[PDB]
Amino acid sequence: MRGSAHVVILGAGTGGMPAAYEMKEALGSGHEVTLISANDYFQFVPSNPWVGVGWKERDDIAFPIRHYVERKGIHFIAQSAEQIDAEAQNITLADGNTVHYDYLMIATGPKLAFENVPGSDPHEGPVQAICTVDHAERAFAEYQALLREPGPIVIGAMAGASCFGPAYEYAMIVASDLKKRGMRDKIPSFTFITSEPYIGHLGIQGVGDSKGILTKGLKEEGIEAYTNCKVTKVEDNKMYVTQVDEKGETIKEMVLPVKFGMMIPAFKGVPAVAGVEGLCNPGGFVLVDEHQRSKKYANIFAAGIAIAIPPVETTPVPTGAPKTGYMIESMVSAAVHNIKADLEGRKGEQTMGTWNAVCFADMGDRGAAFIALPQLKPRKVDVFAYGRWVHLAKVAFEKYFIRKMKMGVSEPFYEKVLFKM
């Protein structure tokens, strides 16, 4: 309302949950902050691959949101938004209620576009997914069904995927778990299928020696690997795969039987967001300026996977670049600062800063991690690392992030760089 602007944060995930806390901290008691989300619980997404193989439980990685944000003065609505009217500034919720806003921060993350590949939906066939804890629990269930009745495995990433690390991670920990169960010798074939132009491209044109290390890792585990692949359909428990060359010409088609499968899908914008006329690119991603402000609506900001980031290369099979945690938090921090500035006269000048990708994957006793910045080579930092200490760091950061999500955040975030001082 006038003088007491109402700020709504849409989506309670990696970006939106911190956004809610930071917004409330920044605005104070004279402004209403409402967090709206489809689920009533927060989940730590990077832990999902482990849920998918049974090394972790939902209880370990998820928790109910209400109490933690309410004790901070944040209103929580656990309903999905179905429609956004950007002119009227109303959000229509699944239950039919409407919520008005003065400022809206979109942090709705990705729509998992299973529909790109007929039959690929986890509920339609044997190809599962581990992007959400719901799906990872289901993937694990189906993994247990593979144990009771061994058959071919196919793991990888679909055309248009932007999140490749987890596919390699999941394949490695499955291979590992199979060994630790003396079941590995029971698998007739274990195949890795990716839309990447080469192993370890990772949607970022490789990082450090990702190519060599991931290639060797796959071979070490007896996983046969194909690149430049798209899946045209999943049907009758078979994946129909087309493999192309540098020019997009088919060089083979394959029909792969699948008893147990997991393919990272392409991401699009969620329907409620993509449905806002003029707000998004054709993929459903919100077009924002460097200050995280919508180019169309001055009172709509966005952060996280939900925003559009222009490609910098074109691969034989369409692929995207990942949007990862540190950059997401910088987007969030910039949006909150620039909204506050709008509320107080100024134009906020804060940006998300330099593009970067940072990923940590835990294999059990040790992990792999990379840091890449900026997006195009030659880079200022281009490191891939493997060690027991990556594992320790992943474990540490998970514990930390979950704690902060319960206790609240403010100021910036991360800056766990107190391990220097």
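One-based numbering along the sequence shown.
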field: Of 310-318 and 191-199, the stretch whose C-alpha atoms average the higher B-factor in the entry
entry: 310-318
- line: Ranked by mean Cα B-factor in the entry, 5-13 and 407-415, top stretch is 407-415
- request: For the C-alpha B-factor as written in the entry, point me to the maximum among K211, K219, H100, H135.
  value: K219
message: Among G345, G206, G269, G160, where is the Cα B factor highest in this entry?
response: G345
- request: Relative to the other modelled residues of the same chain, rank the CA B-factor of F114 and answer lowest, middle or highest third.
  value: middle
- line: Chain thirds by Cα B factor, record data; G325 belongs to the lowest
query: Going by the entry, which third of its chain does the Cα temperature factor of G275 land in?
result: middle
message: Where does the C-alpha B-factor of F285 rank in its chain, lowest, middle or highest third?
response: lowest
- line: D362: C-alpha B-factor third of its chain, per the entry, is the middle
